[PDB]
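Student: pasting an experimental structure, sequence included:
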Protein chains: 4
Amino acid sequence: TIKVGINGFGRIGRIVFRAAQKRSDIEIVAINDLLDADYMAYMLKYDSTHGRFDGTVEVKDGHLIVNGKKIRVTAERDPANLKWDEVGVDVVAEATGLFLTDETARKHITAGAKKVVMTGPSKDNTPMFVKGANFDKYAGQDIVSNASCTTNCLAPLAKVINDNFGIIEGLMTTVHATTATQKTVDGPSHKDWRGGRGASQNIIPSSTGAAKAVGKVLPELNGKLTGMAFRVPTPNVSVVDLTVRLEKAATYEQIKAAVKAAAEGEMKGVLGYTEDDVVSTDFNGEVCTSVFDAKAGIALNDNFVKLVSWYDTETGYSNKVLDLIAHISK
Amino acid sequence: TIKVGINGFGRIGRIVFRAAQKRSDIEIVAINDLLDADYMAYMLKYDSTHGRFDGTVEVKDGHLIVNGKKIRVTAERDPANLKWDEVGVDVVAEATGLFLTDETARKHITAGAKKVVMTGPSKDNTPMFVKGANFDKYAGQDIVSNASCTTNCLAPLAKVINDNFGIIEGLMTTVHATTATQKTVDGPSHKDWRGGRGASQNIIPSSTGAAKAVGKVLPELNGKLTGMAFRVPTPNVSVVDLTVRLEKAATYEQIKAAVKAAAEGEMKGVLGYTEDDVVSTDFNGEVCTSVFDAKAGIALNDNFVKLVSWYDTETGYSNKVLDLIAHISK
Amino acid sequence: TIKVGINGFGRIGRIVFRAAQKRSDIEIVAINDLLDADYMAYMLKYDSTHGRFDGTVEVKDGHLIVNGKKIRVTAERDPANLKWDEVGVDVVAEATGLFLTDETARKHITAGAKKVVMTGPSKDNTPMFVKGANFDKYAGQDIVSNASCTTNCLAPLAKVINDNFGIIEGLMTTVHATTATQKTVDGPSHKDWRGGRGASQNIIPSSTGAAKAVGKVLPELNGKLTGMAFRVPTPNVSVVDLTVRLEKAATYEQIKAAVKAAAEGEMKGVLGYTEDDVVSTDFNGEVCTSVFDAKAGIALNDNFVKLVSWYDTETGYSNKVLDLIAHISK
Amino acid sequence: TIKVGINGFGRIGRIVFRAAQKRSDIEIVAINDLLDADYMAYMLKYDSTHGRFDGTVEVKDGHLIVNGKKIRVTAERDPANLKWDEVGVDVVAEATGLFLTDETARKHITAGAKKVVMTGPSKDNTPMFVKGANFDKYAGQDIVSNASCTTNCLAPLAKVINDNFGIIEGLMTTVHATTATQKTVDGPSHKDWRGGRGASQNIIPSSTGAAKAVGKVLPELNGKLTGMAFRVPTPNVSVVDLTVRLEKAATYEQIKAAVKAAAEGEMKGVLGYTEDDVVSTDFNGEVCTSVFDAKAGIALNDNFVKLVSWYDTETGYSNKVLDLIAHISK
Ligand SMILES: NC(=O)c1ccc[n+]([C@@H]2O[C@H](COP(=O)([O-])OP(=O)(O)OC[C@H]3O[C@@H](n4cnc5c(N)ncnc54)[C@H](O)[C@@H]3O)[C@@H](O)[C@H]2O)c1
Ligand SMILES: NC(=O)c1ccc[n+]([C@@H]2O[C@H](COP(=O)([O-])OP(=O)(O)OC[C@H]3O[C@@H](n4cnc5c(N)ncnc54)[C@H](O)[C@@H]3O)[C@@H](O)[C@H]2O)c1
Ligand SMILES: NC(=O)c1ccc[n+]([C@@H]2O[C@H](COP(=O)([O-])OP(=O)(O)OC[C@H]3O[C@@H](n4cnc5c(N)ncnc54)[C@H](O)[C@@H]3O)[C@@H](O)[C@H]2O)c1
Ligand SMILES: NC(=O)c1ccc[n+]([C@@H]2O[C@H](COP(=O)([O-])OP(=O)(O)OC[C@H]3O[C@@H](n4cnc5c(N)ncnc54)[C@H](O)[C@@H]3O)[C@@H](O)[C@H]2O)c1
């Protein structure tokens, strides 16, 4: 099995942890964070979105004992002191959101780890990979990024559409679920004034680099897509609204056929397909990073269409982080 | 003053009433609904969205007495039995949502009213008029429709963009505020399954004819626009997300210049313009039916752009209903 | 196995169904509602609160096929026409909320059923039974009621406190989750004006008979308890706030000791006990009808205390409906 | 007029500012905060709860110009450097929530101010005052506190009830609106684990010292009251739920009479009275710190009753802060 260490036991670190429990190829052996082992156990045990942890969690001697397995807990603010080698860590899931560059993440390799997977878009030229889009381009680099949740949703769909009909250009809008960075009531958000306004009372316009980032995982689409976001008061599921101009004329039925074929073929487990009258909550706990909603989309004509795809911002992304870890471990 | 009668004291009927109080040329003299005066007074007095009524409302002899003025309250299920003439009603604001056809609405004329304005889109060929779009095309018709709130937002913006740069094709998405048609919890909705899902926990994909309806008030745009909606857990303000392909190249700055010019000139009071970091709640109580958000929009290139415009589904629309009434009575 | 038939496939009927799937002794063989099989299948398959159905649901010949088992679907507005005998129904879970009287409910007996359990409080003198409170008093009655969700939470707790310290008088408040009876936006509610106000933006004071209803299942407490409710913008979990005056002095520690003893003994499975820092969502899916929150309560002195107990309005109640069914069929 | 300087332009500082615009006796001449004048102008201009500021706000030379009046803006992290004397400040409204003791608040007097009013409960023995309860006990001290919003709601009601029937003992529960200290999604809250859970999805039990604090403003009630709180997903209005044991027997009608008399007499403007079917939103913008809801309350008997009172956590409190400032200025 692959031994993983999680740096940063936040929303993502915890979902990566919970998802890993259902996997036999990956095993989390250590967790690092500036929180008390007792507090971490509580946040693992109870979750307003994902429900109670299905298993046993006890704190003994400052460490966590999850389902019997002892998990080393530390509180190092500096990655270089993590001593991952003492616990035999192969890959480190970097989830603090603070070390998104090579020289910072590299510290884990200095601390004993062999490879690092950033659970967010790298801030430098560190390569990003998205399952269904470019895992095959992986060339053995020791530090890698899993891009973002929106890019993970957009990339697979954009690939199927482009491969079959050719995307001339497209604009995306993601109706985004409330994040941890937003506020409960009108408060300060210096770099993002709109973002500081009460999340529960508002539809908040926001900018996103997720659409442009698709160009990095799918070079052939570089410069052909961009978009924005609207932050809404929902808890977990977001939706991508992609308006595209096709090179090859295609009826909506042909578009549905192409997506469905991919969902049951080369992108099974990545891209999902549905024709049901679904709503956001129906995807809470969804592992597919992109679920094509056939009935929600609409076409003006054979070359201008609006496609809709759902994604659980935490569950889908987190499972793919594990997929990348497995992939880079050969 | 134009003496108006309101049929259907629901959400729209009530806001039309509150709005009319601030107009010296329009005067509400009668209301008809299947609710007792006491309950109607209560619903006028208190509103979770618009706040308390700015004035006095009392019940005497089963009739409302608002700000000292007596208002005849009736409970006729049949418009034909309304006797509008008895109280001198000139125009009837038809807001029950039940008589959106000439046949049904004409009963008000039989009952003594001179003209009728439907506060919703016509089901038959009754002409629809949208301020800033086609009020100039009015030709003496005694029964007219004010279209829907979404159409009132899209039409003015679409006209400005088309007149200046020419819209080849467009696809819209309205992130819609929760409607009274929605369920608080997963309940039966045979007409629209998704619509019966809990409104509070979901982002609900929905269909809309507002985009296509633009082709009716702006024939030159017939067949060039269509779209859908996403209903979200917010109270009053919605936003249109318009993705358009332009005939004539235009930089985003030039597009902004054009919109601002219209807002300050020809479409003053209908189309608004802002460059502030606004969010939905900033438009609660907004009179303009469409407020261009300069900083929220984004352009892929000089011919493919995404525009954003806000609108209070109740305040804007209701003020325009009053405008149409004044317009057809000139 | 006890063969059960469900009349009314609404919220309660559906959860009773999901819950029954996990019971080897109870078996649902028929459902009756005025909805088509297709729609019912959809409502069973997807739920915004409870998630997707854990199993397979298919429609064949207008009948449901859940987990391979065929379930007879009918659409009778009249219980008398149900023919329960044809499918061998032993007990009928009456969940339409329309037949809460012996006269009306007895029609199921005429239709071939042996016994009937109302999933709501009786309107007449049909006896009500609450697990942990008076199941032992059952005396062969063929038509019984399971009371309401709030009563199921209050009764067990009230009994433990009374049996040990003696309740002289008590006043309760249930901070209630939003019900399907509520409006998403300010709409008509002649029966309860406050109840027609927008559920999403308000804290709505409401009346409840659950506290007084305790006097019926626990006669010794008749006339000693009453209370009210506050409906809030949350989905499933409610909480009772019970302020009581004790006959025998008791420290909060002694009260905790007593409650814990009952939860681990006589009331195991009905009354739960916790000392964790829980919040409402931690009880979504909770089977216990009352979960004592040890750290939330507070005592003024040894004779005046405020107790707090949580309850999932749907999961707890529905599991007990099944318990009553099994109990009256023993 | 009294010249006031505000230290801390947060939620409270801003509402105190906006309320002061409607007062001719008080004039804000300076504001201090670690935010940019441009950012402060934006937060003053737009508010999701209170709507847009009714007036003009422009930033010139690093200062704010509100309705023409120039307001000195500074960004001193240390009160002693505020130089209040240069702007002629009489009283300082201390709203940062950081200087709740004599020695810290005293710095303003060192900086040139004459008196200080803490907009929160003092952490030391600094005297607290609540309008309607003990303003008359004010003995000319230079540093004073306005207690908290819940105490401001509870104190006046408790006084009327105690004065007329005598409170033997009582327990309170405040259904509290979402505060700035809560989180949007499950995050860290080291001193309050429950408080770190998602506010939008939960009913969160919480402890409060507001009930006990009543003993400080009303010594005669010292030790007779205590309580707790439930944090719910509403934006602005909270409600006090007081269960009391009366010394003198009183029917609910006699209780309503006593409260109404006080509301129209000695506590006019402080204590409000209503018999309408109101809900939380009906009190958004309420200046009365306590509004007795006659129809929501319930009595078990003539000596044990449950009273309900509403309060806008920001508007009511803020207006009383201004009242205290006026009061201490003779
Ligand atoms: N939340 C999502 O939906 C989502 C989706 C895709 C990518 N991401 C990315 O995941 C990253 C983390 O996001 P999150 O929501 O989990 O954040 P979070 O704030 O919930 O968690 C961050 C965690 O890191 C810990 N930490 C902080 N400083 C540390 C330090 N100096 N050393 C060690 N540990 C430390 C914190 O204690 C906290 O527990 C970000 O890059 C974010 O962009 C998030
Ligand atoms: N609410 C919005 O945001 C919005 C926006 C654009 C257009 N509209 C339109 O407004 C119209 C009404 O919608 P609403 O949201 O105000 O609904 P509503 O149900 O609140 O109002 C309908 C009112 O008519 C009354 N009524 C019913 N039958 C009647 C009868 N037979 N005679 C007299 N009165 C009767 C009802 O009691 C109710 O008060 C619809 O055509 C709708 O499409 C609404
Ligand atoms: N939901 C809760 O939290 C809760 C808690 C305790 C008790 N209850 C009780 O459950 C009962 C039902 O409430 P609900 O919330 O499930 O409501 P609901 O409206 O969702 O369910 C009623 C169902 O009965 C169906 N129906 C209507 N008429 C019918 C008929 N004539 N014949 C057959 N089927 C018919 C409806 O289609 C609907 O599906 C009530 O007595 C209620 O008090 C509910
Ligand atoms: N919010 C309520 O409903 C309410 C009710 C009653 C009492 N209070 C009390 O009011 C106080 C402030 O609460 P709030 O909600 O306004 O807080 P907030 O966080 O919204 O505002 C605090 C403000 O003080 C400013 N500030 C911070 N540090 C400063 C410093 N070092 N020097 C100068 N200025 C500084 C911050 O920039 C911020 O603008 C607290 O004691 C709170 O308990 C609040």
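Tutor: Right, received. Where do you want to start? Numbering: from 1, shown residues only, chains lettered A, B, ... in the order given. Ligands and ions are numbered 1, 2, ... in the order given.
Student: care to break chain A down by domain?
Tutor: A:1-147+A:314-330, A:148-313 (curated CATH domains).
Student: is the shortest one up against chain C anywhere?
Tutor: This points to domain A:1-147+A:314-330. Yes - on the criterion C-beta under 8 Å from any C-beta of the partner chain, domain A:1-147+A:314-330 is in touch with chain C at A:42, A:45-46, A:48, A:51-52. Just so you know, the C-beta spots here come from the backbone N, C-alpha and C atoms, and that holds for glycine as well.
Student: that domain near chain D at all?
Tutor: Yes - using C-beta under 8 Å from any C-beta, domain A:1-147+A:314-330 reaches chain D at A:10-11, A:35, A:39, A:42-43, A:46-49.
Student: quick revisit: and of the domains of chain A, who's closest to residue D:314?
Tutor: Residue D:314 lies closest to domain A:148-313 among those, at 9.6 Å (C-beta to C-beta).
Student: all helices of chain A, in order?
Tutor: Here chain A has its helices, by DSSP state H, at A:11-20, A:37-45, A:102-105, A:107-110, A:149-165, A:210-217, A:252-263, A:315-328.
Student: contacts for the fourth one?
Tutor: What that stands for is helix A:107-110. A:5, A:7, A:78-80, A:82, A:84, A:92, A:94, A:99, A:115-116, A:142-143 (C-beta atoms under 8 Å, 6 or more residues apart in numbering or on different chains).
Student: show me what contacts the residue of chain A found nearest ligand 4?
Tutor: Of all residues in chain A, residue A:187 sits closest to ligand 4, at 6.0 Å by C-beta to the nearest ligand atom. Neighbour list for residue A:187: A:196, D:10-11, D:180 [criterion: C-beta under 8 Å, 6+ apart].
Student: out of those residues, who's nearest ligand 3?
Tutor: Taking these together and measuring to ligand 3 by C-beta to the nearest ligand atom, the closest member is residue D:180, at 32.3 Å.
Student: quick one, phi psi at that closest one?
Tutor: phi -70, psi -20 (degrees, to the nearest 10).
Student: once you drop chain neighbours, what's closest to it?
Tutor: residue A:185 (5.0 Å; C-beta to C-beta, 6 or more residues apart in numbering or on different chains).
Student: surely that neighbour and residue B:281 touch.
Tutor: No - counting by C-beta atoms under 8 Å, residue A:185 does not reach residue B:281; the two are 11.6 Å apart.
Student: any shared contact partners between those two?
Tutor: In contact with both residue A:185 and residue B:281: A:198, D:48, using C-beta under 8 Å, 6+ apart.
Student: count of neighbours near residue A:278?
Tutor: 26 (other C-beta atoms under 10 Å in any protein chain shown).
Student: can you tell me how far it sits from chain D?
Tutor: Separation of residue A:278 from chain D (C-beta to the nearest C-beta, to the nearest Å): 20 Å.
Student: one more: residue A:133?
Tutor: From residue A:133 to chain D the distance is 28 Å (C-beta to the nearest C-beta).
Student: so that residue sits against residue A:157, correct?
Tutor: No - checked against C-beta under 8 Å, the pair residue A:133 and residue A:157 is beyond contact range at 10.0 Å.
Student: who has more neighbours, these two?
Tutor: Neighbour comparison, residue A:133 and residue A:157: the larger count goes to residue A:157, with 27 against 24 (by other C-beta under 10 Å).
Student: who are the contact partners of that one?
Tutor: Applying C-beta under 8 Å, 6+ apart, we find residue A:157 in contact with A:240, A:242, A:259, A:271, A:290, A:292, A:307, A:309.
Student: how about JSON lines for these, with neighbour count added?
Tutor: Below are the contacts of residue A:157 laid out as JSON lines (neighbours: other C-beta atoms under 10 Å in any protein chain shown):
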{"residue": "A:240", "neighbour count": "28"}
{"residue": "A:242", "neighbour count": "25"}
{"residue": "A:259", "neighbour count": "25"}
{"residue": "A:271", "neighbour count": "27"}
{"residue": "A:290", "neighbour count": "28"}
{"residue": "A:292", "neighbour count": "27"}
{"residue": "A:307", "neighbour count": "26"}
{"residue": "A:309", "neighbour count": "27"}
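Student: which member of the residues you listed is positioned nearest chain B?
Tutor: Of all the contacts of residue A:157, chain B sits closest to residue A:242, with 9.7 Å by C-beta to the nearest C-beta.
Student: residues in contact with the nearest residue to residue A:207 once chain neighbours are set aside?
Tutor: Spatial nearest neighbour of residue A:207, excluding adjacent residues (C-beta to C-beta, 6+ apart): residue A:228 at 5.8 Å. Contacts of residue A:228 were listed using C-beta under 8 Å, 6+ apart, and they are A:172-174, A:205-208, B:296-298, B:306, B:308.
Student: which one of those residues has the most neighbours?
Tutor: Counting by other C-beta under 10 Å, top hit in the contacts of residue A:228: residue A:172 with 29 neighbours.
Student: hmm, back to that, for PyMOL, what selects the buried ones among the contacts of residue A:187?
Tutor: In PyMOL, this line selects whichever of the contacts of residue A:187 come out buried by 16 or more other C-beta atoms under 10 Å in any protein chain shown:
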select buried, (chain A and resi 196) or (chain D and resi 10+11)
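Student: let me have the contacts of residue A:187 in CSV, extended by distance to residue C:120.
Tutor: As requested, the contacts of residue A:187 are exported to CSV (distance: C-beta to C-beta, whole Å):
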residue, distance to residue C:120
A:196, 46
D:10, 48
D:11, 44
D:180, 41
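Student: count the residues that sit near the residue lying closest to residue A:312 once chain neighbours are set aside.
Tutor: With C-beta to C-beta, 6+ apart as the criterion, residue A:312 has its nearest non-adjacent residue at 4.4 Å, and that residue is residue A:286. Look at residue A:286: counted by other C-beta under 10 Å, it has 20 neighbours.
Student: how about the residue of the stretch 101-250 of chain A found nearest ligand 2, nearest residue that isn't a chain neighbour?
Tutor: Nearest residue of the stretch 101-250 of chain A to ligand 2: residue A:203, at 15.1 Å (C-beta to the nearest ligand atom). Of all residues beyond its chain neighbours, the one nearest residue A:203 is residue B:280 (4.2 Å), with distances taken as C-beta to C-beta, 6+ apart.
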